[PDB]
Each structure stands twice: as structure tokens, then as C-alpha cells.
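Enquirer: The structure that follows is given in the form of C-alpha cells.
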Amino acid sequence: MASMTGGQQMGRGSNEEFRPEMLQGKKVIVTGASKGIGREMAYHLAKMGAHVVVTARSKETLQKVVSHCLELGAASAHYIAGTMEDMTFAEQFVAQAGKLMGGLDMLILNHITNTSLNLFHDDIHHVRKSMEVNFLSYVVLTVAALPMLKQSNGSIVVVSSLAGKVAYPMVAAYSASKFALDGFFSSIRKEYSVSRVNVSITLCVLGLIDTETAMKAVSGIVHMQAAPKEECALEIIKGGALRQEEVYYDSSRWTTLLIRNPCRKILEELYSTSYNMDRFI
Amino acid sequence: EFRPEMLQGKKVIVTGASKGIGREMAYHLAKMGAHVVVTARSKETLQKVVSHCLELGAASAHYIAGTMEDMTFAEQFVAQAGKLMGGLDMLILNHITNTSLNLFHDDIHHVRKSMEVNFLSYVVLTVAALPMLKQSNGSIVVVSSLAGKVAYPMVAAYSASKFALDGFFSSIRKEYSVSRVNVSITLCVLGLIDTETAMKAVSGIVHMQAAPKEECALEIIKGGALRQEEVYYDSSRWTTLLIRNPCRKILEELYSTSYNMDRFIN
Ligand SMILES: NC(=O)c1ccc[n+]([C@@H]2O[C@H](COP(=O)([O-])OP(=O)(O)OC[C@H]3O[C@@H](n4cnc5c(N)ncnc54)[C@H](OP(=O)(O)O)[C@@H]3O)[C@@H](O)[C@H]2O)c1
Ligand SMILES: NC(=O)c1ccc[n+]([C@@H]2O[C@H](COP(=O)([O-])OP(=O)(O)OC[C@H]3O[C@@H](n4cnc5c(N)ncnc54)[C@H](OP(=O)(O)O)[C@@H]3O)[C@@H](O)[C@H]2O)c1
Ligand SMILES: Fc1ccccc1Oc1cccn2c(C3(c4ccc(Cl)cc4)CC3)nnc12
Ligand SMILES: Fc1ccccc1Oc1cccn2c(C3(c4ccc(Cl)cc4)CC3)nnc12
């Protein structure tokens with residue numbers, strides 16, 4: 001039947017309004033998918049009938065996510081275990097994932113290095129590791145994924161935080177890595193636009209989410225309402241599917257109303273006329 | 001309101017001071033009668049900056065040559081600079097790794113080096129300088145860009161490193177506030193400046209008006225001296241009208257009541 005079937009899900013109002021069928025048969029990578037938001041995303045994609053390749057360090061937990069993804073109705077589900085501290089693993093993982101699915105439609109970059117809320121003093125090793133895992137590996141994964149994503153006119157989904165847009169104490173190294181993602185990915189988005197690289201980039205700005213790990217890390221320190229991980233995971237997928245530049249997800253209505261920076265967008269448009277790139281394309 | 005006398009006898013470090021904005025800052029500080037320790041890789045060019053700083057009326061002037069790719073050099077440099085001056089009042093973090101305007105493709109080495117030189121060495125320098133800066137109720141001055149606040153194509157690695165500085169230094173500023181660490185942090189958001197290196201890098205690509213390096217250098221020093229959180233310096237009036245993010249400041253204040261830090265300080 002598939003050989004006698006053809007068409008497009010992305011018609012009028014698909015910019016616009018999400019349908020779970022937009023992910024049916026799509027080839028998706030989810031990093032940091034053994035737990036939390038990442039695991040929830042893998043489950044939503046499975047229910048949508050997507051092909052899924054999940055990664056994290058723990059093979060045992062990834063096995064359970066894969067098994068459950070298959071129960072949920074994933075077109076295919078596989079895992080490749082490894083550390084994102086290793087840039088060779090990050091590069092090879094994408095090639096293997098792409099070969100496992102026969103291509104790539106969406107790259108969901110979600111993993112982070114283990115971090116706790118603490119004042120910054122002298123932990124330069126944690127600052128470096130945060131930059132390596134939360135930022136550099138995302139760049140390595142993007143470079144490795146791009147040829148496949150250009151072929152499919154695919155999507156890059158970058159999971160960030162409110163701490164990647166505004167400042168918070170106790171998360172200096174983490175926040176620096178999240179701000180770096182905005183600078184890097186927002187720059188390449190402008191580059192893709194002029195180079196006719198039809199690969200969308202979604203930066204997801206998340207508030208406090210009720211994941212086991214985050215709840216433990218903020219216990220007795222941060223007294224905020226935590227948003228549900230299930231809904232968070234769906235909002236990220238929706239944003240990627242709709243090719244939205246930015247997703248904002250938080251418990252507070254004040255956040256949603258204030259995080260947006262219309263002045264940044266206006267300034268970027270005003271500077272777009274001040275440079276000549278026809279020598280690079 | 002700034003007065004040049006605010007820098008008279010002050011003990012100041014200037015990184016990336018062999019040329020451009022950094023060199024201009026060293027010269028302004030010299031004219032103001034500050035004690036100055038300049039750094040960059042080129043000993044020969046630093047020797048000339050030092051000699052000229054002394055002619056201009058610096059209370060004292062020294063150089064220590066080395067690469068900011070080396071975190072051990074960065075750490076030892078501060079100690080050595082503070083021992084020469086007998087302390088530290090202001091740490092001016094200005095150096096960057098060599099960068100050109102290009103589309104991003106494969107260059108992960110340049111992304112890593114940009115993060116190491118433009119960001120990580122600033123953190124290492126701050127850690128090394130903090131005990132002296134706490135003693136003097138001193139200042140940290142971080143030289144950034146409009147590309148460290150808004151997005152630009154052709155500078156992805158550079159921009160990531162500048163955005164990282166905002167996230168890191170703005171976080172520690174809030175930490176210092178609750179810890180009673182009386183060390184100010186000034187993030188300088190600069191537009192196009194007429195430095196030899198920047199002008200060559202943008203030639204035939206960027207055509208906007210370049211602001212003068214002499215005035216730029218002074219505005220950075222002024223901001224540090226006045227303990228301003230942020231300095232905005234650009235040729236365009238539309239930039240000055242738009243760069244500021246009042247909503248970010250409001251959001252930060254609204255979240256400030258949602259957390260309790262008295263377990264890290266008591
Ligand atoms: N939770 C929140 O409140 C919150 C707020 C804002 C933004 N976010 C963002 O949301 C994303 C997910 O957060 P979360 O709360 O869901 O975290 P989480 O539950 O703790 O999961 C993190 C995932 O990353 C993996 N991981 C950890 N170290 C790794 C390494 N070295 N190499 C590869 N994978 C590694 C973990 O699995 P293994 O340990 O087995 O490797 C796990 O699958 C992150 O980007 C986070 O910054 C979360
Ligand atoms: N110029 C502009 O249009 C502009 C715009 C926005 C922001 N900015 C910011 O302003 C600052 C200064 O810019 P500029 O135009 O004055 O640049 P510049 O003239 O090229 O000078 C950069 C300085 O950094 C030093 N440096 C380079 N690599 C180094 C390394 N590995 N270790 C230590 N020092 C190193 C250089 O000296 P040696 O080579 O001898 O080491 C030099 O003294 C930067 O932080 C930049 O981001 C400038
Ligand atoms: F998912 C995580 C696992 C382990 C550690 C941190 C993790 O991520 C987080 C855990 C908790 C809050 N997080 C935030 C926010 C935040 C940051 C600082 C403060 Cl004071 C308050 C709120 C913006 C909500 N960004 N990432 C995280
Ligand atoms: F000083 C430098 C030496 C070498 C390379 C970059 C250097 O720093 C720069 C050189 C030129 C412009 N720069 C900018 C601005 C910019 C960036 C990109 C584009 Cl398309 C337009 C305007 C914001 C003015 N930020 N840093 C630099």
C-alpha cells in the first residue's frame with residue numbers, strides 16, 4: 001500500500017495548527033531520552049507513529065523506553081547508548097541513527113550534564129563540562145545530522161530554559177551553556193535563510209518542569225509551580241513540527257507575556273540590510 | 001557622573017591590550033594616573049604600550065605576555081599582576097580569539113577555541129582575581145558585543161561565546177548581591193568599532209558606520225568606574241533605542257521572590 005500512497009500532511013493551516021499525523025512515519029532522534037522530558041517526547045512520538053532513535057548513557061533504561069515506544073505504536077524504535085562528553089560518539093551516533101531509520105526528519109537535542117543549584121566559586125571543571133555537554137555536543141550532532149536534514153527539509157529542536165534567556169543565580173555554568181545555544185543556533189538560522197538551507201531551528205525556552213531530577217535539584221531552594229513534563233514534551237514536538245523559531249513553556253502567565261523580546265526581532269531585521277553575504281552564497 | 005580622577009591610583013588589569021580597544025583602554029587609564037598591567041601574546045607590542053603608558057602618566061605600567069588558550073597562564077597572570085601592583089581594583093576582560101566572518105559548516109575546532117578563549121578564560125581570570133577584588137570592593141568589566149545580545153549570521157561561534165558571557169556573568173552578579181560580595185560586573189555591549197582588525201574582517205561584508213575606538217575604550221572604563229551593570233555603545237540611534245530588554249529585568253525581579261539562598265550564605 002505505501003508504494004501506491006503519496007501526498008502531504010503540511011497543507012493550509014499547518015503553520016498554524018498541529019495534528020499528531022504530522023509526525024506519522026517521521027524519522028526522529030531524541031537525545032537525553034532515558035528520563036524526564038526526553039522520555040516523554042519519545043512516548044508522544046511513538047503514539048504518533050514516528051520512527052524513533054533514543055540516546056542517553058544508560059542502556060537498561062533506554063531498553064525500557066524503546067520497549068514502551070513499540071507498545072505505544074512507534075513505526076520503529078531503537079536506542080544507542082553513550083556519553084555526549086565524547087564528541088566522536090556524538091558524531092557516530094547520528095550516522096548510525098540515520099542508517100537505523102533510513103534518514104532523518106527531526107533532531108531533538110535535549111540532554112544536559114548533571115547539575116545542581118550552587119553558588120559559583122571555583123568549579124571551572126563544571127563550567128567546561130557544561131559547555132562541552134550542553135552546547136558543543138549539540139553543534140557536533142547538528143554538523144553530523146545536516147546532510148540528512150537538508151535532504152528531508154527537516155528540523156532541529158534545541159531544548160533550552162528561561163535561564164537561557166534571563167539570569168538566575170545558582171546556575172551560572174548551566175545558564176552560560178543555554179545562552180550559548182541561543183547565540184549559536186539563532187546565528188545559523190539566519191545563515192540557513194540566505195543559503196536556502198530548508199532546515200528549521202526551534203529553540204525551546206522552558207520554565208520549571210516536574211521531572212524527578214529537577215524537583216530534587218530545586219528542593220527547599222526554589223519555591224515555584226512546576227509545569228507537567230507530559231505537556232512540556234508535547235509543546236516541544238508541536239513547535240518543531242510547526243517549524244516555529246521559538247517555543248515558550250512555563251506555569252506562569254507573566255512569563256508567557258514577558259519572555260518575548262520584540263525589540264531583538266526588530267533590531268535583527270534593521271541590521272539584515274547592513275551586510276552583503278553574496279560571496280558566501 | 002564620571003570623573004577621570006576615579007581611576008587615579010587604581011590597580012587595573014587590561015587583557016587583549018596590545019592593540020584595538022584594549023590598547024586604547026590602557027592609554028586612557030595611563031592618562032588618568034592608574035597602575036596598569038597589560039596582557040596579550042605579543043611581548044614586543046606590549047613593550048611599546050607599556051612605554052607609551054608611562055609617557056602618558058601611568059602611576060606604574062607592566063606587561064605579562066601569554067596566550068589565553070592556556071588556563072594555567074590565565075590563573076598565574078592574575079597573581080603576578082596583583083603582586084606587581086599590590087592588589088587589584090578593576091579587571092578588564094577584553095581579549096578574543098582570531099575570528100573572521102564566515103558561514104558555519106564544519107569548524108568545531110573554531111567553536112571550541114572561541115568558547116575557551118572568549119568565555120572560559122574570562123571565568124578562570126575572574127576566579128583568580130576575586131580574592132583581591134573582594135578586598136578592594138573592585139570591579140569586573142566584560143567586553144561583549146551587540147552579537148552577544150541579538151543574532152547575526154557569519155559569527156555563530158563568536159556570538160555563542162558572547163551570549164555565554166551574559167548568562168554566566170549576569171548569574172554571578174545576582175549571587176554576589178545575596179552573598180554581600182561588593183564586586184561590580186559591567187557587561188559592555190558594543191556595536192561596530194573602527195579597530196584595524198575588525199575593519200579588515202568586515203571589509204566588503206558589513207557597511208554600517210564604525211564608531212571610534214578611543215571613545216569606545218573610554219565608555220567601557222566609565223561604565224566600570226560607575227559600577228553600571230551594562231554599557232551600550234554603538235553609532236546608530238535605533239540600536240540605542242532597541243538593545244535594552246526592560247522585560248528581562250522585570251521578569252528577573254518577579255522570580256527573585258520565588259527562591260531562598262540562605263543555606264549557601266550565613
Ligand atoms: N526540568 C526542568 O525543570 C527544566 C527547566 C528548563 C529546561 N529544561 C531542559 O530540559 C531538558 C531535559 O531536562 P530534564 O529535567 O528532563 O532532565 P533529566 O530528567 O535529568 O534527563 C536528562 C537526560 O540526559 C541524559 N544525560 C545526562 N548526562 C548525559 C551525558 N553525559 N551524555 C548523554 N546523555 C546524558 C540522562 O540520561 P543518562 O544519565 O542515563 O545519560 C537523561 O536521559 C534539558 O535540556 C534541561 O535543561 C528542564
Ligand atoms: N571591533 C569591533 O567592531 C567590536 C565590536 C563588538 C565587540 N568588540 C569586542 O571588543 C574587544 C576587542 O576587540 P578589538 O576590535 O579591539 O580587537 P583586536 O584589535 O583584534 O584586539 C584583540 C586583542 O586580543 C589579543 N588576543 C588574541 N588572541 C589572543 C590569545 N590567544 N590570548 C591572548 N590574547 C589574545 C590580541 O593580541 P595578540 O594577538 O598579540 O595576542 C589583541 O590585543 C573584543 O572582546 C571584541 O569582541 C569589538
Ligand atoms: F533538569 C535539571 C536536572 C538537574 C539540574 C537542573 C535541571 O534543570 C533545571 C532544574 C530546575 C530549574 N531549572 C530552570 C529554571 C530555574 C533556574 C534557576 C532557578 Cl534559581 C529557578 C528556576 C528556569 C526554570 N532551568 N533549568 C532548570
Ligand atoms: F574585533 C574583531 C576582530 C576580528 C573579528 C571580529 C571582531 O569583532 C567584531 C568585528 C566587527 C563587528 N563586530 C560585531 C558587530 C557585528 C557582527 C556581525 C555582523 Cl554581520 C555585523 C556587526 C555587532 C557589531 N560584534 N563583534 C564584532
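Enquirer: What is the residue count in the range A:225-259 for residues that are outside any helix (DSSP H, G or I) and free of Cβ contacts under 8 Å to residues at least 24 places away in the same chain?
Expert: 1
Enquirer: Return yes or no: is A:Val222 in contact with a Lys or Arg (Cβ under 6 Å, 6 or more places away or on another chain) and buried (at least 17 other Cβ atoms within 10 Å of the Cβ)?
Expert: Criteria not met by A:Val222.
Enquirer: Within the range A:69-76, is there a residue that is away from ligand 1 (no atom under 15 Å from the Cβ), surrounded by fewer than 24 Cβ atoms within 10 Å (Cβ to Cβ), assigned to a strand (DSSP E or B) and of a type outside the set (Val, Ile, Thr)?
Expert: yes
Enquirer: Among the listed residues B:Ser139, B:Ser145, B:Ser100, identify the single one that is within 11 Å of ligand 2 (Cβ to nearest atom) and either touching a strand residue (DSSP E or B) at 6+ places or on another chain (Cβ under 9 Å) or more than 8 Å from chain A (Cβ to nearest Cβ) (or both).
Expert: Result of the check over B:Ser139, B:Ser145, B:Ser100: B:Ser145.
Enquirer: Next up: Looking at A:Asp182, is it closer than 28 Å to B:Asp106 by Cα, touching a helix residue (DSSP H, G or I) at 6+ places or on another chain (Cβ under 8 Å) and acidic (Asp, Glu)?
Expert: Details: closer than 28 Å to B:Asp106 by Cα: yes; touching a helix residue (DSSP H, G or I) at 6+ places or on another chain (Cβ under 8 Å): yes; acidic (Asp, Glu): yes.
Answer is yes for this residue.
Enquirer: Separate question: Can you confirm whether the range A:116-134 contains a residue that is part of a helix (DSSP H, G or I), away from ligand 3 (no atom under 16 Å from the Cβ) and within 18 Å of B:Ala160 (Cα to Cα)? Don't jump to the end; show me each part of the working.
Expert: The first filter runs over the range A:116-134 and keeps only residues part of a helix (DSSP H, G or I), leaving A:124-134.
Next cut, away from ligand 3 (no atom under 16 Å from the Cβ) only: A:124-125, A:128, A:132.
Those still in the list that are within 18 Å of B:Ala160 (Cα to Cα) too: A:128, A:132.
Yes, the range A:116-134 contains at least one residue that is part of a helix (DSSP H, G or I), away from ligand 3 (no atom under 16 Å from the Cβ) and within 18 Å of B:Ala160 (Cα to Cα).
Enquirer: Hey, can you tell me all the residues within the range B:151-180 that are away from ligand 2 (no atom under 14 Å from the Cβ) and at positive phi?
Expert: Within the range B:151-180, just B:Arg180 meets the criteria.
Enquirer: Follow-up. Checking A:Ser186 against (1) more than 7 Å from chain B (Cβ to nearest Cβ); (2) of a type in the set (S, T, N, Q); (3) under 14 Å from the mean Cα position of the chain (by Cα): exactly one of these is not met. Which one?
Expert: Checking A:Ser186 against (1) more than 7 Å from chain B (Cβ to nearest Cβ); (2) of a type in the set (S, T, N, Q); (3) under 14 Å from the mean Cα position of the chain (by Cα), the one that fails is (1).
Enquirer: Quick test for you: out of A:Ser175, A:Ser200, A:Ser193, A:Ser155, pick the one residue that is in contact with a helix residue (DSSP H, G or I) (Cβ under 7 Å, 6 or more places away or on another chain) and more than 7 Å from every other protein chain (Cβ to nearest Cβ).
Expert: Of the residues listed, the single one that is in contact with a helix residue (DSSP H, G or I) (Cβ under 7 Å, 6 or more places away or on another chain) and more than 7 Å from every other protein chain (Cβ to nearest Cβ) is A:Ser155.
Enquirer: Also, I was wondering about something else. Which one of B:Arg112, B:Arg173, B:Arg180 is surrounded by fewer than 21 Cβ atoms within 10 Å (Cβ to Cβ), within 16 Å of ligand 3 (Cβ to nearest atom) and not small (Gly, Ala, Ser)? Steps first, answer last, please.
Expert: Numbers: B:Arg112 fails: within 16 Å of ligand 3 (Cβ to nearest atom); B:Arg180 fails: within 16 Å of ligand 3 (Cβ to nearest atom).
Criteria check complete, one pass: B:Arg173.
Every number in this text was worked out from the coordinates using simple rules, so none of it is lab data. Quick reminder, even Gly has a Cβ in these numbers, built from the backbone with ideal geometry, and neighbours come from all protein chains shown.
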